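S.K.: Can you keep this structure in mind? I'll have questions shortly.
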Ligand SMILES: *[C@@H]1O[C@H](CO)[C@@H](O[C@@H]2O[C@H](CO)[C@@H](O[C@@H]3O[C@H](CO[C@H]4O[C@H](CO)[C@@H](O)[C@H](O[C@H]5O[C@H](CO)[C@@H](O)[C@H](O)[C@@H]5O[C@H]5O[C@H](CO)[C@@H](O)[C@H](O)[C@@H]5O)[C@@H]4O)[C@@H](O)[C@H](O[C@H]4O[C@H](CO)[C@@H](O)[C@H](O)[C@@H]4O[C@H]4O[C@H](CO)[C@@H](O)[C@H](O)[C@@H]4O)[C@@H]3O)[C@H](O)[C@H]2NC(C)=O)[C@H](O)[C@H]1NC(C)=O
Ligand SMILES: NS(=O)(=O)c1ccc(C(=O)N2C[C@H]3CN(C(=O)c4cnc(OC5CCOCC5)c(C5CC5)c4)C[C@@H]3C2)nc1
Ligand SMILES: [Ca+2]
Ligand SMILES: [Cl-]
Ligand code: NA
Ligand code: NA
Ligand SMILES: [Zn+2]
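Numbering (the deposited numbering), first residue to last: 51 to 463, 468 to 573, 576 to 861.
The structure is reproduced here in structure tokens:
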């Protein structure tokens, strides 16, 4: 109930929202049917349009007009944005040659440059190039400021998840807005686009920028506009706020555009109808810039032009129907469209089984256009599992397609020609970033980066300390002229032991056997120095990783590789080796097929044993440093040490073997040598963070050997590939992966073919950032290079996407 009987005189677009049932005059009041009776009349004036004309110049102030061309307008701060151009001989901002803004040029009384965030829904990254002829203001911002060729959204590439990620620096799984549509089982409530429940505060986790600003004494402009308030009025309101007295004037502002997303749904991303919305957005940017110029704020304000997701071609006829796969279709609820989320229609139904549902949806038709997953098996790069609002069963849908429950859903609701929501690595989902102003660089292109990084940067632009978030603070220092954030390396928590030869062969009772026999003073000092760390500079290129938690581990040196061996997990945490362009692949000799050798530096009690793998009918084992890449027949024995051994399902050995035998040598040829760091990951509670011992759900039968949920590899070389990995003078180049450790290859529909038909495709799907790996293992890589830390942070957030240009 609102007593909508008060008045909005002298209150239009008030900065604080008043408590019901007193009526409101803020920019959100319409969305709450709570505006005072006179709001439209006083606050939404439209008389005479949005632009001065020759004859309106000098006019007597008529307070009914939408904007003014009278003499006093400037001091009042309510001119039409084109006033000085029409009435005073001035040029449009877009017609001026750009000039570097070396320092803020701001009116007296401004304590910091203000920030304006200009958000555009569905602005696909390729519109910057393809629509450049019709967006002159946006192109001037792009080419004079700092820009990226595209910005990566979060999954799912929907509007609410992405806008709230921009505001908080958080993955959807952490901020809580995990879709445009949600069911929260703890609240027993639903969140929908239409309706009231989305206004409830309990949905919205983390700490968004406007709250971070307020708590630290920076005034924020009311960010959100009711949909019916036209774009022109939003611009004018912002310009008016910028004219307020210093003690009332906000330091940060938000403008949101429903376009081009709205049109893109109807017409497809490149429909000929798509030109006009793009023209209209550019005109709005022009109005803001002409407006700032009138107030002499155009070399004072930082402007961020940013999108939430792109847009792809999608029509009704490209729909897969769960009713063509499942007998029991009325027993399930589906969240449909460009992603699938399935749960039970009724929790009283004890005959609902996720396993049988997954099985009925797995590889059933030759060209099937979705793939079912348990959420914990989704690629780790999506970070889409650790939230009770995300259903256990998920369908990743092919780009260009939709999934629905029954044909009736589609034709009882072809309408649309564009949609979005797909995997965030898809090219058509990519969006835009441009930063322009005194704190940004001048005419600079930066490489693509993820939208989770911007919250940190907007805090920096405003002198705020960011709430804890998923950005890597400092990884975007290269966008900024000043205000950079200079972080320090995390301190190592555990130092390693360096064990020598301390045990005799006969003390091991592990049930392991090896055919090693036969043999000398030359090559005996030679093998001992290898075990003392003589080739370590060849294989440990960037320092050893630091262990950022309390644990007990050893450094182990060998001719071909170095490792950090965990006495708690009974296996390496990391194994590091270098494969040069010329290195040769050999094979495992026959006398060594089932060879496993005790490691005389590590006690029996801290070792794996072969008997457990024998007894475990499902589990087998593999090696972290691959025997195929040993540098000599004598070095090959090192690769069979029990301390190089890890648990592997036979199904996963098909993947691992192909990676080690074929792919490592391939990358070494293509990249001029590579450095590889490999190891296990344990994430049983699927939160994207390293498990402690008491979190491990599975061990090799009868033993304390814990089973990894994933295996990672970090493959590094020289960005200038004319130099070999081990003698690089400049920037590095990285790609990495987190492969799920699974007892079957159900994820790959073609896995009964040769590994050369499906393995590399699986790895690409599970591409990762070094930073994803750090979270999952508690390690910190690249501790000793010649590069600056900021540059290393950038490299650690890099993702190799394998999309085309
Ligand atoms: C991305 O960045 C984010 C932000 O940095 C990272 O997430 C953080 O991870 C921290 C470590 O897991 C976590 O710290 C915990 O805080 C608990 C208190 O949490 C409240 O306070 C914070 C801060 O104000 C607040 O933001 C939280 O809000 C969450 O919960 C509500 C839902 O009710 C949501 O509105 C909100 O969106 C958010 O949800 C998300 O987080 C929770 C986890 O907290 C998830 O479960 C959700 O799915 C969702 O993702 C909270 O209001 C604190 O209680 C924890 O302490 C426990 O564990 C420690 C270990 O040190 C132990 O010492 C304690 O005893 C305690 O255990 C007790 O509780 C157990 C569980 O009930 C119980 O079993 C035990 O026996 C004990 O009794 C913990 O310190 C921090 O909250 C989140 N922050 C956010 C915003 O998510 C994230 O890790 C990053 N991701 C990656 C990949 O790096
Ligand atoms: N495109 S789609 O997914 O089909 C789809 C679905 C619903 C809608 C829709 O009705 N709408 C109506 C729109 C009103 N709106 C907003 O006011 C808002 C504007 N800024 C925002 O973020 C910040 C602003 C500051 O800097 C960083 C980003 C947010 C955040 C969620 C809180 C919210 C966004 C709503 C989606 N639009 C598109
Ligand atoms: Ca975990
Ligand atoms: Cl959704
Ligand atoms: Na076995
Ligand atoms: Na398969
Ligand atoms: Zn949309």
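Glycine included, each C-beta is placed from N, C-alpha and C at the ideal position.
1. Flag this pair as yes or no: are the beta carbons of residue 729 and residue 634 separated by less than 8 angstroms?
2. Excluding the 5 residues flanking residue 141 on each side, which residues of the same chain have their C-beta closer than 8 angstroms to its C-beta?
3. Provide the residue(s) that pair with residue 731 in DSSP beta bridges, ordered along the chain.
4. Count the other CB atoms, across all protein chains shown, that sit within 10 Å of the CB of residue 423; report buried if there are 16 or more and exposed otherwise.
5. For residue 367, count neighbouring C-beta atoms within 10 Å of its own C-beta (all shown protein chains included) and say buried if the count is 16 or more, exposed if not.
6. Do residue 199 and residue 332 come within 8 angstroms of each other at the CB atom, strictly closer than that value?
7. Inspect the beta-carbon positions of residue 219 and residue 440 and report whether they are closer than 8 angstroms.
8. Out of 188, 662, 274 and 392, state which residue places its alpha-carbon closest to the alpha-carbon of residue 334.
9. Mapping the DSSP letters down to three states, classify residue 589 as helix, strand or coil.
10. Take residue 235 and list the residues in its own chain whose beta-carbon comes closer than 7 angstroms to its own, dropping the five residues that flank it on each side.
11. Regarding residue 676 and ligand 5, is the C-beta to nearest heavy atom distance less than 7 angstroms?
12. In chain order, what are the residue ranges of uninterrupted beta strand (DSSP E) at least 3 long that sit wholly in the segment 396-451?
13. Would you mind giving the Cβ-Cβ distance between residue 222 and residue 483, rounded to the nearest angstrom? I have them listed as a contact below 8 angstroms.
14. Hey, which residues come within less than 5 angstroms of ligand 3, measuring from Cβ to any heavy atom, in chain order?
15. Kindly indicate which three-state DSSP category residue 777 falls into: helix, strand or coil?
16. What residue does the alpha helix (DSSP H) around residue 671 start on, and which one ends it?
17. With distance defined between alpha-carbon atoms, name the residue in 795, 78 and 597 nearest to residue 275.
18. Taking only the alpha-carbon atoms, compute the straight-line gap between residue 590 and residue 472 and give it to the nearest angstrom.
19. How should residue 51 be labelled, buried or exposed, when 16 other C-beta atoms within 10 angstroms of its C-beta is the threshold for buried?
20. Which one of 827, 839, 373 and 766 has the shortest CA to CA distance from residue 602?
21. Measuring straight from C-alpha to C-alpha, what distance separates residue 171 and residue 809?
22. Mind checking who residue 485 pairs with in its DSSP beta bridge?
23. Under 8 angstroms Cβ to Cβ from residue 564, same chain only, skipping five residues before and after it: list those, please.
24. In angstroms with no decimal places, state the Cα-to-Cα distance between residue 772 and residue 847.
25. In its own chain, which residues sit with a C-beta less than 6 angstroms from the C-beta of residue 76, not counting the 5 before and 5 after it?
26. Which full runs of the beta strand (DSSP E) of 3+ residues lie inside the segment 209-290, going along the chain?
27. Using 10 angstroms around the beta-carbon of residue 936, count the other beta-carbons present and answer buried if the total reaches 16, otherwise exposed.
28. At a cut-off of 7 angstroms, is residue 812 close to ligand 6 when judged by its beta-carbon and the heavy atoms of the ligand?
29. Per DSSP, what are the beta-bridge partners of residue 723 in this structure?
30. Using only alpha-carbon positions, find the residue among 725, 650, 734 and 723 that is nearest to residue 620.
31. Assuming contact is defined by CB atoms lying nearer than 8 angstroms, are residue 831 and residue 796 in contact in what I supplied?
32. For the segment 123-134 and the segment 312-320, state whether three or more C-beta atom pairs, one from each stretch, are separated by less than 8 angstroms.
33. Just how far apart, CA to CA, sit residue 711 and residue 816?
34. Just the residues with CB closer than 6 angstroms to a heavy atom of ligand 6, in chain order, which are they?
35. When you compare only the Cα positions, how much space is there between residue 462 and residue 349?
36. Can you tell which of 475, 373 and 104 has its C-alpha closest to the C-alpha of residue 456?
M.R.: This is what the structure gives:
1. Yes. Within cutoff.
2. 135, listed in sequence order.
3. Residue 731 is bridged to 634 and 772.
4. Using a 10 angstroms sphere on the CB of residue 423, the tally of other CB atoms reaches 16 or more, which defines it as buried.
5. Answer is exposed; the Cβ neighbour count stays below 16.
6. Going by C-beta atoms, residue 332 is not nearer than 8 angstroms to residue 199.
7. Taking C-beta atoms as the reference points, residue 219 and residue 440 fail to come closer than 8 angstroms.
8. Nearest of 188, 662, 274 and 392 to residue 334, Cα basis: 188.
9. Reduced to three states, the DSSP call for residue 589 is coil.
10. So the qualifying residues of the chain are 438.
11. Yes, the beta carbon of residue 676 sits closer than 7 angstroms to at least one heavy atom of ligand 5.
12. For the segment 396-451, whole beta strand (DSSP E) runs of length 3 or above, ordered along the chain, are 420-424 and 443-447.
13. A Cβ-Cβ separation of about 14 angstroms leaves residue 222 out of contact with residue 483 under the 8 angstroms criterion.
14. This selection yields 739, 741, 743, 745 and 747.
15. Under the three-state reduction of DSSP, residue 777 is assigned to coil, being neither helix nor strand.
16. First-last of the alpha helix (DSSP H) with residue 671: 666-671.
17. Closest option to residue 275, Cα to Cα, is 78.
18. Whole-angstrom Cα-Cα distance: 60 angstroms.
19. Classified as exposed, residue 51 has fewer than 16 neighbouring CB atoms from the shown chains inside 10 Å of its CB.
20. Minimum Cα-Cα distance from residue 602 among the listed residues 827, 839, 373 and 766 corresponds to 839.
21. Residue 809 has its alpha-carbon roughly 43 angstroms from the corresponding atom of residue 171.
22. Beta-bridge analysis with DSSP links residue 485 to 201.
23. Residues 652, 654, 660, 663, 664, 665, 666, 667 and 698 of the same chain have their beta carbon placed closer than 8 angstroms to that of residue 564, with the five preceding and five following residues left out of the count.
24. Cα to Cα, the separation comes out at about 15 angstroms.
25. Around residue 76: 64, 67 and 272.
26. Here the runs fully enclosed are 232-234 and 239-241.
27. Outside the displayed range of the chain (51 to 861) lies residue 936, so it cannot be described from this structure.
28. Not one heavy atom of ligand 6 lies closer than 7 angstroms to the C-beta of residue 812.
29. Secondary-structure assignment with DSSP links residue 723 through no beta bridge to anything.
30. Closest in alpha carbon position to residue 620, among 725, 650, 734 and 723, is 734.
31. Not in contact: residue 831 and residue 796 (Cβ atoms no closer than 8 angstroms).
32. When C-beta atoms of the segment 123-134 are compared with those of the segment 312-320, fewer than three pairs fall below 8 angstroms, so the two segments do not count as touching.
33. In a straight line, the C-alpha of residue 711 is about 9 angstroms away from that of residue 816.
34. Residues with a Cβ closer than 6 angstroms to any heavy atom of ligand 6, in chain order: 801, 802, 804, 805 and 807.
35. For residue 462 and residue 349, the distance between alpha carbons rounds to 53 angstroms.
36. Restricting attention to 475, 373 and 104, the CA atom closest to the CA of residue 456 is found in 373.
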